[PDB]
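**Student:** Going down the list, the sequences are from chains B and A.
FYI, the numbering for the first sequence is 22 to 499, going by PDB author numbering.
FYI, the numbering for the second sequence is 23 to 499, going by PDB author numbering.
Cβ coordinates follow ideal geometry from the N, Cα and C atoms, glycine included.
Structure in structure tokens, see below.
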Amino acid sequence: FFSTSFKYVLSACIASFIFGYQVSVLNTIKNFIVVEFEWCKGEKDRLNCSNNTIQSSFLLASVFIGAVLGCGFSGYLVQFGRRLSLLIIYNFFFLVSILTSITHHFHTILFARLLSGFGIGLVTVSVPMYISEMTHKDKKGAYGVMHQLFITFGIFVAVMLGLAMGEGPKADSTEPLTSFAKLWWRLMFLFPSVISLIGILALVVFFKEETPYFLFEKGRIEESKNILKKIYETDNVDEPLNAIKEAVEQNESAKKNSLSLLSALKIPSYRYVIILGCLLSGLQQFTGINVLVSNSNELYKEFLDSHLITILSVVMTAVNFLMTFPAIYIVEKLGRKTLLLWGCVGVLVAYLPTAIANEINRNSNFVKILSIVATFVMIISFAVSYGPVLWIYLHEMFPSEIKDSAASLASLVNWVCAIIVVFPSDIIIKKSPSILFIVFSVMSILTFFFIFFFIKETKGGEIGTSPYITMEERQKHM
Amino acid sequence: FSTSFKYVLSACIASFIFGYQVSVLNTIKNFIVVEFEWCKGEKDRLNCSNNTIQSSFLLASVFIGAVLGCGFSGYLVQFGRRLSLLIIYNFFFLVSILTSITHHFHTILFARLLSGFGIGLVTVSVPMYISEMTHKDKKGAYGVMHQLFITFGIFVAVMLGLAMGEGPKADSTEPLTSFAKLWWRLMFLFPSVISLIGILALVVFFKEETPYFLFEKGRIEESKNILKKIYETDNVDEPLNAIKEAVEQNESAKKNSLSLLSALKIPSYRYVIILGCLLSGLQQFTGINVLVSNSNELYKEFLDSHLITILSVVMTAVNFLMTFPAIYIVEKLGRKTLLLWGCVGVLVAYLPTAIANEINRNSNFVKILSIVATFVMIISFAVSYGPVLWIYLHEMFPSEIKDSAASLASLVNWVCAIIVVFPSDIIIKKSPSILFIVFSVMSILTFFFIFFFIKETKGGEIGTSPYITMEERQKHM
Ligand SMILES: CCCCCCCCCO[C@@H]1O[C@H](CO)[C@@H](O)[C@H](O)[C@H]1O
Ligand SMILES: CCCCCCCCCO[C@@H]1O[C@H](CO)[C@@H](O)[C@H](O)[C@H]1O
Ligand SMILES: CCCCCCCCCO[C@@H]1O[C@H](CO)[C@@H](O)[C@H](O)[C@H]1O
Ligand SMILES: CCCCCCCCCO[C@@H]1O[C@H](CO)[C@@H](O)[C@H](O)[C@H]1O
Ligand SMILES: CCCCCCCCCO[C@@H]1O[C@H](CO)[C@@H](O)[C@H](O)[C@H]1O
Ligand SMILES: CCCCCCCCCO[C@@H]1O[C@H](CO)[C@@H](O)[C@H](O)[C@H]1O
Ligand SMILES: CCCCCCCCCO[C@@H]1O[C@H](CO)[C@@H](O)[C@H](O)[C@H]1O
Ligand SMILES: CCCCCCCCCO[C@@H]1O[C@H](CO)[C@@H](O)[C@H](O)[C@H]1O
Ligand SMILES: OC[C@H]1O[C@H](CO)[C@@H](O)[C@@H]1O
Ligand SMILES: OC[C@H]1O[C@H](CO)[C@@H](O)[C@@H]1O
């Protein structure tokens, strides 16, 4: 259904779109910066050299480290508001897009990409929590899948705009880049400025209210009543205010007992749910998803040419975008634990045979075809499950007293594990893919058993509840 | 050097960064011109048309950013004064970082645009913070600290550029020294370290907000606490009542929906608003920013490179030394007196030079007269108009529009900088007699405007203005 809840969640999905677009737009056009910026002007080949590898590694380290920092600071910025965080995100990305688009050196664009990763880190926490507190509880997951839905649409859009370009600068060539190339790569960088302005317009014109949970939590009880009546489309909103009123009584009880996130870590009951979130969020990167997102080109560069890789990237990202839709219906109909475990199964289906085949014959044609299609398996499984479900889960698994802080910590762990996985995986897939893919298979099975034994279902809960800490296991202790 | 002094110095670190970011670009610009190679397609590597165009753009970006920063600081300060200082510090930390690593005209232009945004934030936030963290009897004396450290920042900026050689020759082609390629980025970055120092100072010792704002927003007991902290005495009910009346006038004004534009329709408020705008913008018609912005362009014609070095150093040092006497005089004499004497001084500086250029444009003594007249103008501005304006704008408004109108006037100052400096940069190139006679006419006009319209504001309680009286503020619609 397209309700008021849906309009507001969509308002936040613009920040989600900027998330995805900034994740992938660098990789879309990086050959053209390598040529234009003359990173390899001393070697025979202009797209591949020592200098390019070094600096292009840093241009990803920027995104990931800035996302670590941005998720860390999202915990203290959301303290001062959710809708505020969306306006900060939009106003921030507007300027960072401008700067990225006007840089003429590796340092300025490294700075701009680190700022862009900080924006990513803000979005990761801000948008899913906003959707968590701005939605009908029955539809928390359906609309939380919209977060990842629009992230994926951002990636797909970034890939689609690059095809308006010339689809390659000759590497062996000494030919300067086309004027339209030199322009459209900067224009692609700047497009998110327009998108940011659109988000700001939508926030300031139509969707002015903040989340009912927050307003009730900060004393403005009648503004809570108003915006909750507006997301629920009725004057009768007793039960959601009961959810919010009890969760907020819990927040202030905990703050009376001085239960900061660190103090809760000295409490076992809270520490268990916290570390469960940390591990579920850090394991999302052990799929190698950003090994494929960052090095979508570098992986298949051994056995494929430019045209097929263009088409591959397009259909890969489009399949990614189209497989998030089913998750909208699955996350709610089945449950989150269910879809998560099915995702593990899909990723194992993908990785184990590539490991086996590479162990048989790395240089096999069957191995190359199998690599292509196993990649698509990983994508179809990731897009319909873990992707959406993690950001849905993290803002439903935590008690109200540490709901916001714990979510930011888990998102920080997500980006830190991205650092852990992506950068060594591109060393190992170069050396021995069998080691890599057997590790990812074992991680699929390990994560499966972890989720099966420890991870509990979270569908349908009111705001500020956890299946890990009952009500009495948290008020009296906190 | 009371507690109020500690708090105002905490705010004056931002004033230091203000001045530094203002003159640091101009101090080392030759070096960037050589690195970025804006004029390499000619025989002369420092002087060409493209340099003129892009340098004018860099200065205009700073000015436009200051306009935007003051206008936005009006809306920012309602969320906090010390908050404005924090946002400014973080902002300039990262802007100094970016300014330091720029390698193109566009990135450094964008960097200076943001630097000007922070400039405009400071221009409004810092004088207000000092206005509300000090004794009502010492608002002016501590308000000079703002401009005192501003001038100190310009002095530091010019001083550090001397550690360089100033050997990016116009006739040479020799590549810049490694230390030279390093030091101007280090100078752009130094305000990052200074921003860190300021953030530290604010967050550790000077945690409390201003009493006026705290009472404006409900924290009455914390208003009392920080009031007793700055005043070093607990029974300070009189400042609390000044705040109570100003804040009650604020709440009653918002009750009738008094925004700045709503006050513009009531003549009572519109009068003091346009007085503020005019007094604030008239500070720029002294030609002070024509000299600060185009310091080298004025004396490159009759002065050599080393001679420009010493002249800039000593006039900037004089600016800084002569901002000190205002600290005592603003409180001993008042603002109107010191303003009128400043107009006198500026006329003494310009009018002899104006007539002298018509006497003999190419006179050996006209150059000497211009040097002495420059120092007369510098001394005149630094001790009076410079310090006094930002003191005046945060005492002359009723509290219903105190912050909003203060921000509007501080904005107008920067708009007038644009209206003056660039037409001045073009006119002084043609006929200094006309420009100096116009600046002298402006001295006379400013003198009479201040003389007839501008009232004394010393000793007024916070939220008090000599233009609108307490019962007049009540005048029901
Ligand atoms: C977050 C972004 C930070 C990027 C800058 C990190 C420090 C890089 C060291 O300085 C570099 O030294 C080179 C000569 O040695 C110069 O060619 C180059 O211009 C300069 O930048
Ligand atoms: C206490 C919370 C109230 C703040 C929200 C009020 C409505 C939205 C205002 O957002 C505006 O977005 C612009 C982006 O261009 C900013 O430039 C501008 O400064 C800011 O005012
Ligand atoms: C409140 C005191 C701190 C609790 C310490 C954490 C260990 C107890 C948590 O129970 C867990 O329940 C799961 C059922 O879903 C089991 O599968 C799992 O084996 C078990 O560990
Ligand atoms: C879920 C994983 C999705 C991975 C998608 C990452 C996209 C980055 C791949 O860059 C590709 O480089 C080519 C030139 O080299 C371009 O022609 C092409 O447009 C672009 O797509
Ligand atoms: C985290 C990985 C994301 C899924 C990608 C699946 C396999 C990608 C193909 O890899 C490439 O093909 C051969 C193996 O198939 C190797 O010989 C080659 O060195 C490797 O670069
Ligand atoms: C109150 C008036 C303040 C005016 C100060 C303006 C400073 C900018 C002038 O540039 C000067 O040019 C030289 C090379 O061009 C530099 O070496 C020198 O350090 C610098 O000072
Ligand atoms: C890149 C350098 C690191 C930037 C970090 C910015 C400083 C954190 C924000 O400041 C804090 O805001 C609170 C407002 O309530 C105050 O309570 C507290 O005293 C103050 O310290
Ligand atoms: C904002 C102005 C500050 C005070 C003015 C005095 C210092 C500048 C002097 O001007 C310069 O010296 C001669 C004027 O006597 C002219 O020959 C020359 O064309 C002119 O460029
Ligand atoms: O969907 C692809 C992206 O989503 C994840 C976060 O949800 C990122 O790590 C990944 O690059
Ligand atoms: O030191 C003089 C400076 O003060 C004025 C602001 O009051 C600036 O324009 C000028 O650079």
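Nearest chain B C-beta to residue 221 of chain A closer than 8 Å, yes or no?
**Tutor:** Taking Cβ atoms only, chain B never reaches closer than 8 Å to residue 221 of chain A, which makes this a no.
**Student:** Give the straight-line distance between the Cα atoms of residue 442 of chain B and residue 308 of chain B, rounded to the nearest whole angstrom.
**Tutor:** Their Cα atoms are separated by approximately 9 Å.
**Student:** For a test of your reading of the model: does the CB of residue 338 of chain B fall under 7 Å from any non-hydrogen atom of ligand 9? Yes or no.
**Tutor:** Result no, Cβ not under 7 Å from ligand 9.
**Student:** For ligand 8, is there any heavy atom lying closer than 7 Å to the beta carbon of residue 203 of chain B?
**Tutor:** Outside the cutoff, so no.
**Student:** In chain order, what residues have a CB nearer than 5 Å to some heavy atom of ligand 3?
**Tutor:** Every residue passing the under-5 Å Cβ criterion appears here: B/289, B/290, B/293 and B/474.
**Student:** Consider the C-beta atom of residue 187 of chain B and the heavy atoms of ligand 6; say whether any pair is separated by less than 7 Å.
**Tutor:** No, Cβ of residue 187 of chain B sits at least 7 Å from all heavy atoms of ligand 6.
**Student:** Contact defined as beta carbons within less than 8 Å: I believe residue 345 of chain A pairs with residue 156 of chain A. What is the distance between those atoms, to the nearest angstrom?
**Tutor:** With a Cβ gap of about 18 Å, residue 345 of chain A and residue 156 of chain A do not count as contacting.
**Student:** Would you call the CB atoms of residue 84 of chain B and residue 41 of chain B closer than 8 Å?
**Tutor:** It is not a contact, given that the beta carbons lie outside the stated cut-off.
**Student:** Since I believe residue 327 of chain B is in contact with residue 188 of chain B (beta carbons under 8 Å), could you give me their beta-carbon distance rounded to a whole number of angstroms?
**Tutor:** With a Cβ gap of about 7 Å, residue 188 of chain B and residue 327 of chain B count as contacting.
**Student:** When you compare each of A/460, A/469 and A/414 to residue 146 of chain A by their alpha carbons, which one comes out closest?
**Tutor:** The shortest Cα separation from residue 146 of chain A among A/460, A/469 and A/414 belongs to A/414.
**Student:** Would you check whether ligand 6 has a heavy atom nearer than 7 Å to the C-beta of residue 304 of chain A?
**Tutor:** For ligand 6, not one heavy atom lies less than 7 Å from the Cβ of residue 304 of chain A.
**Student:** Might you give, ordered along the chain, the residues of its own chain that have their beta carbon closer than 7 Å to the beta carbon of residue 280 of chain B, omitting 5 neighbours on each side?
**Tutor:** Once the five neighbours on either side are set aside, the close Cβ partners of residue 280 of chain B are 422 and 499.
**Student:** With a threshold of 8 Å between beta carbons, is residue 123 of chain B in contact with chain A?
**Tutor:** Yes, because at least one Cβ of chain A sits closer than 8 Å to the Cβ of residue 123 of chain B.
**Student:** Please classify residue 194 of chain B: does DSSP put it in a helix, a strand, or coil?
**Tutor:** Residue state, collapsed to three classes: coil.
**Student:** I'd like to check one pair, residue 151 of chain A with residue 104 of chain A: are the Cβ atoms closer than 8 Å?
**Tutor:** Contact flag set, yes.
**Student:** How do the segment 109-128 of chain A and the segment 469-479 of chain A stand: do at least 3 beta-carbon pairs fall below 8 Å, yes or no?
**Tutor:** In short, these stretches do not touch, since the Cβ pair count stays below three.
**Student:** Does residue 49 of chain A get closer than 8 Å to chain B when you measure Cβ to Cβ?
**Tutor:** It does not; no Cβ of chain B falls within 8 Å.
**Student:** Below 8 Å between beta carbons: does that hold for residue 203 of chain A and residue 353 of chain A?
**Tutor:** No; because the gap between Cβ atoms is not below 8 Å, this pair is not in contact.
**Student:** Quick one: residues in its chain with C-beta nearer than 6 Å to the C-beta of residue 113 of chain A, no 5 flanking neighbours on either side, listed in chain order?
**Tutor:** For residue 113 of chain A, where only same-chain residues beyond five positions count, the Cβ hits under 6 Å are 140.
**Student:** Measuring only between beta-carbons, confirm whether residue 27 of chain A sits less than 8 Å from chain B.
**Tutor:** Judged by the 8 Å Cβ criterion, residue 27 of chain A is not in contact with chain B.
**Student:** I want to verify the contact list: residues of chain A whose CB lies under 8 Å from the CB of residue 491 of chain B, in sequence order.
**Tutor:** The contacting residues do not exist; residue 491 of chain B stays about 38 Å from chain A at best.
**Student:** Provide the residue span of the alpha helix (DSSP H) that contains residue 261 of chain A, from first to last.
**Tutor:** Where residue 261 of chain A is concerned, the enclosing alpha helix (DSSP H) stretches over 259-277.
**Student:** Could you check how far apart the C-beta atoms of residue 429 of chain B and residue 96 of chain B are, in whole angstroms? I think they sit under 8 Å.
**Tutor:** Going by Cβ atoms, the distance from residue 429 of chain B to residue 96 of chain B rounds to 3 Å, so yes, they are a contact pair.
**Student:** Any residue with its Cβ nearer than 6 Å to a heavy atom of ligand 1 should be included. What is that list in chain order?
**Tutor:** Per the Cβ criterion, the list is B/128, B/131, B/132, B/135 and A/123.
**Student:** Give, in chain order, every residue of the segment 125-144 of chain A whose Cβ lies closer than 7 Å to some Cβ of chain B.
**Tutor:** Result list: 125, 126, 128, 129 and 132.
**Student:** Could one say the Cβ of residue 90 of chain B lies closer than 8 Å to chain A's Cβ atoms, at least one of them?
**Tutor:** Closer than 8 Å: no.
**Student:** Give the straight-line distance between the Cα atoms of residue 63 of chain A and residue 69 of chain A, rounded to the nearest whole angstrom.
**Tutor:** Using only the alpha carbons, I get a separation of about 11 Å.
**Student:** Can we say the segment 289-309 of chain B touches the segment 458-469 of chain B, given the rule of at least three CB pairs closer than 8 Å?
**Tutor:** Counting Cβ pairs under 8 Å, three or more are found: they touch.
**Student:** Is it true that the segment 445-457 of chain B meets the segment 310-325 of chain B, where meeting means three or more beta-carbon pairs spaced less than 8 Å apart?
**Tutor:** At 8 Å Cβ cutoff, the stretches touch.
**Student:** Which of helix, strand or coil does DSSP assign to residue 420 of chain A?
**Tutor:** Reduced to three states, the DSSP call for residue 420 of chain A is coil.
**Student:** By the 10 Å Cβ neighbour count, where 16 or more other Cβ atoms means buried, how is residue 360 of chain B classified, buried or exposed?
**Tutor:** Residue 360 of chain B should be labelled buried.
**Student:** How about residue 371 of chain A and residue 402 of chain A: do their beta carbons lie closer than 8 Å?
**Tutor:** The answer is yes: Cβ separation under 8 Å.
**Student:** Report yes if the C-beta of residue 402 of chain B is less than 7 Å from at least one heavy atom of ligand 5; otherwise report no.
**Tutor:** No - ligand 5 has no heavy atom lying nearer than 7 Å to the Cβ of residue 402 of chain B.
**Student:** Any heavy atom of ligand 5 within a distance shorter than 7 Å of the CB on residue 454 of chain B?
**Tutor:** It does: the Cβ of residue 454 of chain B is within 7 Å (strictly closer) of some heavy atom of ligand 5.
**Student:** Tell me which residues of the segment 171-190 of chain B have at least one Cβ-Cβ distance to chain A shorter than 9 Å, keeping chain order.
**Tutor:** Hits within the stretch: zero.
**Student:** How about residue 440 of chain A and residue 133 of chain A: are their beta carbons less than 8 Å apart?
**Tutor:** No, the pair does not count as a contact, with Cβ atoms beyond the cut-off.
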